[PDB]
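Chains as they are written, first to last, in the authors' numbering: chain U, 6 to 150; chain T, 1 to 68; chain e, 4 to 56; chain S, 6 to 146; chain W, 16 to 119; chain H, 29 to 144, 149 to 219; chain V, 4 to 144; chain R, 98 to 143. A virtual CB, placed ideally from N, CA and C, is assigned to each residue, including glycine. Only one structure is covered here, and it is reproduced in the block below.
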Amino acid sequence: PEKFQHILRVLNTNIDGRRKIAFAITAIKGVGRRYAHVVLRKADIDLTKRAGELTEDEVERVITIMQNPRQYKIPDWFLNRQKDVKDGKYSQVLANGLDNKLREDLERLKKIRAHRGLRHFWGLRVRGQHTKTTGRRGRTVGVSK
Amino acid sequence: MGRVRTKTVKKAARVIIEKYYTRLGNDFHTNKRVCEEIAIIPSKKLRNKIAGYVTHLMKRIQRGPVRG
Amino acid sequence: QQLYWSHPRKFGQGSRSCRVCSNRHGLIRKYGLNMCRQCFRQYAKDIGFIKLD
Amino acid sequence: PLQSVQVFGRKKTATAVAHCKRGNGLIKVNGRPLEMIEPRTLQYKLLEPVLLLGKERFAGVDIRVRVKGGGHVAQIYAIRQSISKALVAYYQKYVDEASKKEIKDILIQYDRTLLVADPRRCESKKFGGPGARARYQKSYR
Amino acid sequence: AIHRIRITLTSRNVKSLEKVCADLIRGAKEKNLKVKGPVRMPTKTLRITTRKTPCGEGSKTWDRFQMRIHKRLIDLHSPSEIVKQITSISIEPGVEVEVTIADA
Amino acid sequence: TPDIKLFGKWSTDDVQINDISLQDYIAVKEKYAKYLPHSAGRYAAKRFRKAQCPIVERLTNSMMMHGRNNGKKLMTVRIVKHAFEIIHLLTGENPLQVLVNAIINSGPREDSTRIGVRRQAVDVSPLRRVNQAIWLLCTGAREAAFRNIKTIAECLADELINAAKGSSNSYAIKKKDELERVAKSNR
Amino acid sequence: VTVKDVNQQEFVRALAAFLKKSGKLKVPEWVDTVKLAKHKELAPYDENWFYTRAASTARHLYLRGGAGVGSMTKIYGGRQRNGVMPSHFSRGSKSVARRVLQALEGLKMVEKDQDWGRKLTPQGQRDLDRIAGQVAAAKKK
Amino acid sequence: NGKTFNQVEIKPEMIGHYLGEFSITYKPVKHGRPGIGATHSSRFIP
RNA sequence: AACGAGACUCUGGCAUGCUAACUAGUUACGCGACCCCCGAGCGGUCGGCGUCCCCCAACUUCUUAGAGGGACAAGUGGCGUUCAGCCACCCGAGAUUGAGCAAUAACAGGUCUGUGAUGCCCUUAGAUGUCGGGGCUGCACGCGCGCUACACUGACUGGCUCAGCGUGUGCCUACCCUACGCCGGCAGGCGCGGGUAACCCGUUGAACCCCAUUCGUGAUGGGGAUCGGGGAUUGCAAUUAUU
């Protein structure tokens, strides 16, 4: 036990030091179940321990692996930003950087006024769905005059 | 359930007994063989039902009169 | 007379039609029949199909 | 002499055939010990005849069983019936009929379907519903 | 010289194929051609299921149509000159007959 | 030798049925002793044929019930198996005595039929008493396990032990003592 | 003792330990990153999964020889959940099956045979029956 | 557009898109009040 | 006296009796081959395991499918104007298997958008008889048939072991079902064979279920809607997203 610290702050977000290490770090945006397992496998960490049982140099080893996947031989087919449209790079985007990357994508579609950009602006379904009977969020209207 | 016998069975059994009383008896398996050679019956399942009511009528005729 | 007087018809409902009456809806491709479903119920006895169950 | 018999048991689509011959007490299903057929929650179901009759009645013969068709549970009931039906047919041909009666009476007084088949098979589906008796929903207004 | 030679028969109707096939066995047996008996292949069933209505109205009834096909094989030990004789009589009904010069 | 069958592990000869109305309908001992609570028998085919089914198999059938569990009988045999092993550790007694006494305590003996909010009191037959007892104690085990770390094998053991002494902590005893209170007001 | 005489699950664990102790079986570089089949949601819990896959594959070739890469993907097939739609059957990874069969040929346990497919050698047959005796002896019969 | 031609000035950000993505085949909906038969209670008797 | 009912036709459950099979199997041996010594006992005649392989061996129990057989309220006990029938039980594979077909007389029921079935009316070269693009999918809102779930009688990761009914190279019309080897995380790609089918895909290695592991009552490792970025395949063409 050692009565060690059981809440910790990692990338401007709080991790509970109380779940299994592979399910604690998925509190970061851009890190799902599948990616969190592969990062800890490259970092040489035992998956059996609770997240409050990592030492100060073990968390810095995990953080420096999450920010640079391609230098620790994580494959290109794993990553969430592929050939990024403005500069051609491959990377994983995390935390408040993922919010801004979507914010730039919706404005890029709106500025040229393509059909995607207009559907996102009017608040309608963007992919191929019908709209007669599903997604209702207004109020019932009466027939009376 | 329902085991009542239709007029096609009941009339054919009476006409057999009027003509062949001296051939017949209480054994169903012998009556079933007699009824196959004295008559043309289209189905095996109808032949079994006719020999069944003939066997019931022989056991009545051994006690007293049957009006038909 | 025009040189462009037709469009490709190598698949889909444009390719196929009934052998008896030239209709395009509800036709049977099974076993090489190529009849319309209403024309099949009309000729089934002459083709040799029957119903038992 | 050569001295052997072949007989079968059934349930649903499953069939099992048992061959037995003069021997020392071997029993196998598909080349495996009958202690190792996979759904071992039912292990007392394929042990039932040898536990009920006792191993002294099995000591003169070697039995080999082959089985196919049906599902995991239907095959246990096919195996079970093939073994108890084989022993009584072997005894009928090669020993005294007074000893056949002991075997048949002890088996039937515990359970029918050690020696007589179960005739049940599926009903066919009918149009207008998801199965044999069920119907789709009905609506009005 | 002799061959091992194979005849196959096919029809929808069963009881015409029975009388055709029995006559091929008799003509071979009386001439000592050492015929191998009729092999019954599995029966083949064709099925078509259709709505009864021409127009899509009413309660939703269906028609279930089917056709059944029956197939047989016989093998002979004889010259190629005499299968041509026996495979030409009693074949009058709507039965297919086909023969191949070596398959045994 | 083959005249005694231990149901895997538990003897039948020492069991007793202490209500004379139920001795014909709770099938235990003699020809009703088997190795497992699983058979393929045709018990549904006639009206009273149901009374010949061993009581441990009737408990096993009634347990594979609630929608997501239909047809899963191999799972349901091991629930009964592990419940009987927990009952023997808690009580020190034969698990078949605990089941028989839980059935004798849980079945209601007066009830009121419906005639128009309006009801009239009537007697209950011994076959409906044993049918009601099984459904009540299976329901009691099923409702307690639904959001607890407790397994259903532990809840079925707790429910049978409380019913065998009539403690009114069980679901089956509270419901029996509700049905007979309401019927006593409709005489 | 033959492979048909012992319980099959601890035979796979005994054979997996024998392969992993030898040091001769080669492994691919991507063994720590692959999903193992299309229908799985996550990578396997055990770092040692490749030796267990080879041990099970050799045991399959003993009981039914003449398999190939396509028929190994049907042995390791399973159910796929499709989110809000109904579920269906789905086959295993072809590249994993092909590299596991090529890794066993490098131990001289497997051969490509006449007609088409693969089978065990006499040396492969010897090493499996040798481990079946070790699994039986561990129970002190 | 199915009845008219809509003009486009091709900005370089449009690269790799289709020409049909900038000329839309319909008018955005804005509702008028519901008519007779729109709800079960709306029934008319003379 | 006639039609409907019933009979009738197909179907399910029984035959160690009949006919008879290299496009179906079993048993056995002339035997032959690999592996194990666990076995009276050796590394064997003899034992164990086989979808390992010949038979110019014997045969039809298991598979196929032709002919016949079998069940009648027939036997025994009660109840019945002692008739017609009804209830229980013995013996038995079996004492209600499930479908198809179906009368007289009607309806302002549906269909002219199934038809070279069809009356009358309309239109007929600025056509109501062919190509290019769009729509049938548009969304404040009311209703109908359904799929997935709210978890521990569970979800996830490994391991083991069982089906039945069918379809298959398109005859204008141009496409079929797939074993085996190699490349790729995957979807997929290249090479090279079999099948017009009891012959090849195929012993159709199906899912739930079964055995072991991890989570711990938390909208949680339950649930997977909504939405960003990248890669294949069909096609003449995929944006209003084919899969």
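Where residue i meets chain e, residues with beta-carbon distance less than 7 angstroms
{"i": "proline 69/W", "result": "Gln41"}
Proximal chain R residues relative to residue i, where beta-carbon distance stays under 9 angstroms
{"i": "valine 131/U", "result": "Correct list: empty, because the minimum Cβ distance to chain R is about 13 angstroms."}
For residue i, the three-state DSSP class (helix, strand or coil)
{"i": "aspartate 67/S", "result": "strand"}
{"i": "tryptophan 77/W", "result": "strand"}
{"i": "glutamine 72/U", "result": "coil"}
{"i": "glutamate 113/W", "result": "strand"}
{"i": "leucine 24/W", "result": "strand"}
{"i": "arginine 27/S", "result": "strand"}
{"i": "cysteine 127/S", "result": "coil"}
{"i": "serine 93/W", "result": "strand"}
{"i": "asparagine 48/T", "result": "helix"}
{"i": "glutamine 48/S", "result": "helix"}
{"i": "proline 6/U", "result": "coil"}
{"i": "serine 93/V", "result": "strand"}
{"i": "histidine 85/W", "result": "strand"}
{"i": "residue 3/V", "result": "The structure shown does not extend to residue 3/V, since chain V is modelled only from 4 to 144, so the question has no answer here."}
{"i": "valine 105/R", "result": "coil"}
{"i": "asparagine 19/U", "result": "strand"}
Residue i versus residue j - alpha carbon distance
{"i": "residue 15/W", "j": "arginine 19/W", "result": "This structure gives no information on residue 15/W, because the portion of chain W shown stretches from 16 to 119."}
{"i": "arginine 86/U", "j": "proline 74/U", "result": "12 angstroms"}
{"i": "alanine 137/S", "j": "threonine 18/S", "result": "19 angstroms"}
{"i": "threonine 18/U", "j": "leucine 114/U", "result": "30 angstroms"}
{"i": "residue 5/U", "j": "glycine 35/U", "result": "This structure leaves residue 5/U out entirely; chain U is present only between 6 and 150."}
{"i": "residue 77/T", "j": "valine 105/H", "result": "Since the first and last residues shown for chain T are 1 and 68, residue 77/T lies out of range."}
{"i": "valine 72/V", "j": "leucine 28/V", "result": "19 angstroms"}
{"i": "residue 1/S", "j": "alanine 21/S", "result": "Residue 1/S lies beyond the residue range present for chain S, which begins at 6 and ends at 146; the question has no answer from this structure."}
{"i": "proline 31/V", "j": "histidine 125/U", "result": "45 angstroms"}
Nearest-angstrom beta carbon gap, residue j and residue i [assumed within contact, 8 angstroms]
{"i": "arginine 161/H", "j": "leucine 87/H", "result": "So it is not a contact: roughly 15 angstroms between Cβ atoms."}
{"i": "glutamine 81/W", "j": "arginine 62/W", "result": "5 angstroms"}
{"i": "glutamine 80/H", "j": "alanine 55/H", "result": "6 angstroms"}
{"i": "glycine 80/V", "j": "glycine 69/V", "result": "Not quite, the Cβ-Cβ distance comes to about 19 angstroms (not below 8 angstroms), so this is no contact."}
{"i": "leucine 192/H", "j": "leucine 127/H", "result": "6 angstroms"}
{"i": "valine 98/U", "j": "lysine 106/U", "result": "5 angstroms"}
{"i": "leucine 48/W", "j": "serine 93/W", "result": "5 angstroms"}
{"i": "residue 109/T", "j": "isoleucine 38/T", "result": "Nothing in the structure corresponds to residue 109/T, since chain T is present only between 1 and 68."}
{"i": "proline 158/H", "j": "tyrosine 63/H", "result": "Contact flag wrong, Cβ pair sits at about 28 angstroms."}
Chain U contact residues for residue i, given Cβ-Cβ distances below 7 angstroms
{"i": "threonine 36/V", "result": "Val43 and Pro80"}
{"i": "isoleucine 142/R", "result": "Result: empty, since nearest Cβ-Cβ is about 15 angstroms, beyond 7 angstroms."}
Per-residue contacts from residue i into chain V (C-beta, under 7 angstroms)
{"i": "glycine 36/S", "result": "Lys7"}
{"i": "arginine 46/U", "result": "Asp35"}
Contact list for residue i against chain W, beta-carbon separation under 7 angstroms
{"i": "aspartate 56/e", "result": "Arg79"}
Contacts of residue i in chain e (Cβ-Cβ under 9 angstroms)
{"i": "residue 142/W", "result": "For residue 142/W there is no data in the structure shown, the boundaries of chain W being 16 and 119."}
Residue i: contacting residues in chain S (beta-carbon distance under 8 angstroms)
{"i": "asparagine 10/V", "result": "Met41"}
Chain-ordered chain V contacts of residue i [CB-CB under 9 angstroms]
{"i": "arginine 55/U", "result": "By Cβ distance, chain V contributes nothing, its closest Cβ being about 17 angstroms from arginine 55/U, past 9 angstroms."}
Contact set between residue i and chain R, taken where Cβ atoms lie within less than 7 angstroms
{"i": "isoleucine 68/U", "result": "By Cβ distance, chain R contributes nothing, its closest Cβ being about 36 angstroms from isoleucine 68/U, past 7 angstroms."}
Cross-chain neighbours of residue i in chain W, by beta carbon under 8 angstroms
{"i": "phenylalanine 132/S", "result": "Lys75, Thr76 and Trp77"}
Where residue i meets chain U, residues with beta-carbon distance less than 8 angstroms
{"i": "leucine 18/V", "result": "Chain U residues near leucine 18/V: none, gap ~26 angstroms exceeds 8 angstroms."}
Contact between the stretch 44 to 63 of chain V and the stretch 107 to 114 of chain V (3+ Cβ pairs under 8 angstroms): yes
Please determine if the stretch 4 to 19 of chain V and the stretch 32 to 45 of chain V are in contact, where contact requires at least 3 C-beta pairs separated by less than 8 angstroms. no
Specify whether the stretch 117 to 136 of chain S and the stretch 68 to 87 of chain W touch according to this definition: at least 3 beta carbon pairs, one from each stretch, less than 8 angstroms apart. yes
Taking one C-beta from the stretch 158 to 178 of chain H and one from the stretch 18 to 27 of chain V each time, how about it: are there three or more such pairs within less than 8 angstroms? no
Between the stretch 63 to 80 of chain S and the stretch 26 to 39 of chain S, can you find at least three pairs of beta-carbon atoms closer than 8 angstroms? The stretch 26 to 39 of chain S vs the stretch 63 to 80 of chain S: in contact.
Three or more C-beta pairs below 8 angstroms linking the stretch 95 to 104 of chain S and the stretch 34 to 48 of chain W: no
Do three or more CB pairs link the stretch 69 to 79 of chain H to the stretch 92 to 106 of chain H at distances below 8 angstroms? no
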